[PDB]
Amino acid sequence: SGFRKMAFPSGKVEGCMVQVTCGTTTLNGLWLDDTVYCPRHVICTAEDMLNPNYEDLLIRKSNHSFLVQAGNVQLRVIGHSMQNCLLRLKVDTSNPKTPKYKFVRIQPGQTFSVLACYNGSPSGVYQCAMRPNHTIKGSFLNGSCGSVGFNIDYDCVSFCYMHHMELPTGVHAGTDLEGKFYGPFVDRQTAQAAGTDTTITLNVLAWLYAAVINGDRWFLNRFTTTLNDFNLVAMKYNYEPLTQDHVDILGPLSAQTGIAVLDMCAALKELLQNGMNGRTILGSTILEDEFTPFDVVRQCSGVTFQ
Ligand SMILES: *[C@@H](CC(C)=O)[C@H](C[C@@H]1CCNC1=O)NC(=O)[C@H](CC(C)C)NC(=O)[C@H](CNC(=O)C(C)(C)C)NC(=O)OCc1ccccc1
């Protein structure tokens, strides 16, 4: 049946994207009820960006300094404030399309959908995983700040990321919707580098289970391993140590497939040491780590291909 890096349907979020302008700087904002959220750096300029003092910069602005556009309609800003690295603009109109929602702070290894936006207009959507080093490998150009990351459960939209910047290695950094950054990054153009990254062990294992669920058992073996023996191979290959909580999270998958977690870890340790044989797993030649156990259950058949 297939396995694809799938994003959540984006409609509920498209209806909340707006454009915000300050002087010469334009970016995207998120319009929920009567508030528009956006990167606070929209109040920056040419040199403002290396060493901005936002408190200082902001006291110099008025509600009318902000130009909010909801499609073709102009939104009148009736108050403003700064919350960590975001600005909260109150506006006179309440977004008619606001969906049920909440703000969440996603954890390293978890995945979400990103709605790339430009000038308040949605451009495309893809799934990303929050990397252990707190960056995400997205696809963003200038104009994309304020684009959001989210998950949907039932008809509730859980926003979890707002884009703010790109680091030297081409990776991306941003904040949750309270404006607190993921990672040790700050919104100023002083040199910063992403920390060293690791492979997300739990996801790679979840992906092997998915590979087995829609048939495909070639990489399995008759061995098993203990957690520690596994973790010694893991350290060697720059993988995150596996833990008992991780072993427990893989219970449902384990059960549905009839393959013990440590047997799967034994399988993974062999893959790590013996390479792949020019063979592929779920159409892939590398071990994928951007799918959570949750993502696998959501997408795969609730019935294994025995
Ligand atoms: C959105 C802003 C708007 C108005 O939409 C952009 C998104 C990025 C553009 C390219 N890809 C993106 O994701 N946000 C920014 O441009 C951001 C504004 C700051 C936080 C006020 N700045 C950066 O993302 C910046 C881009 N890199 C550079 O300018 C150079 C040429 C210096 C590499 N990244 C940055 O400043 O990182 C810190 C840093 C690391 C290493 C050396 C120097 C600076």
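Start at 1 and go down the list; that is how both ligands and their atoms are numbered. Each residue takes its place number in the sequence, starting with 1.
Rounding to the nearest 0.5 angstrom, the gap separating the OH atom in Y209 from the SG atom in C300 is 13.5 Å. Interatomic distance, CG of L282 versus CD1 of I213, reported as 9.5 Å (0.5 Å rounding). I43 CD1 to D48 CG: the interatomic distance, rounded to the nearest 0.5 Å, is 8.0 Å. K102 contributes atom NZ, which lies 12.5 Å from atom CZ of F159 (distance to the nearest 0.5 angstrom). Taking CD from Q107 and NE2 from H134, the interatomic distance works out to 9.5 Å, rounded to the nearest 0.5 Å.
Annotation for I59: atom CD1 does not count as buried by contact number, only 12 or fewer foreign heavy atoms lying within 6.0 Å.
Within ligand 1, the atoms closer than 4.0 Å to a non-hydrogen atom of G143 are 3 (C), 5 (O), numbered from 1 in the order shown. Atoms of ligand 1 lying under 4.0 Å from at least one heavy atom of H172, given by number and element, are 13 (O). Atoms of ligand 1 lying under 4.0 Å from any heavy atom of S144, numbered from 1 in the order shown and given with element: 5 (O), 7 (C).
For atom 43 (C) of ligand 1, the closest heavy atom belonging to the protein is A191 CA, 3.8 Å. Ranking the protein heavy atoms by distance from atom 4 (C) of ligand 1 puts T26 O, 3.3 Å first. Atom 39 (C) of ligand 1 has its closest protein heavy atom at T190 O, 3.1 Å. The shortest contact between atom 34 (N) of ligand 1 and any protein heavy atom is with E166 O, 2.9 Å. In terms of protein heavy-atom proximity, atom 41 (C) of ligand 1 is nearest to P168 CG, 3.3 Å.
A salt bridge is absent between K90 and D33; no separation between the charged side-chain nitrogens and carboxylate oxygens falls under 4.0 Å. Ion pairing between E290 and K137 fails under the 4.0 Å rule for side-chain N and carboxylate O.
Here the shortest heavy-atom distance to atom 13 (O) of ligand 1, taken over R188, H41, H164, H163, belongs to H163. Comparing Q189, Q192, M165 against atom 22 (N) of ligand 1, the shortest heavy-atom distance belongs to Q189. Taking only non-hydrogen atoms, the option from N28, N142, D48, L141 nearest to atom 16 (O) of ligand 1 is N142.
By the 4.0 Å heavy-atom criterion, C44 is excluded from the residues contacting ligand 1.
Counting heavy atoms under 4.0 Å from ligand 1, residue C145 touches it through both backbone and side chain. Under 4.0 angstrom from ligand 1, there are no non-hydrogen atoms of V42.
Taking a distance limit of 4.0 Å, we find that atom 31 (C) of ligand 1 is approached by no protein heavy atom. Less than 4.0 angstrom separates atom 20 (C) of ligand 1 from at least one non-hydrogen atom of the protein. At a distance under 4.0 Å, no protein heavy atom can be found next to atom 28 (C) of ligand 1.
Classification of the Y161-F140 ring pair by plane angle, with boundaries at 30° and 60°, yields tilted. Aromatic ring orientation, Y101 versus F103: tilted (interplanar angle from 30° to 60°).
The side chain to side chain contact (heavy atoms under 4.5 Å, CB included) check on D155 picks up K12, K100, with sequence neighbours excluded.
Taking only nitrogen or oxygen atoms, main chain and side chain alike, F140 reaches within less than 3.5 Å of ligand 1.
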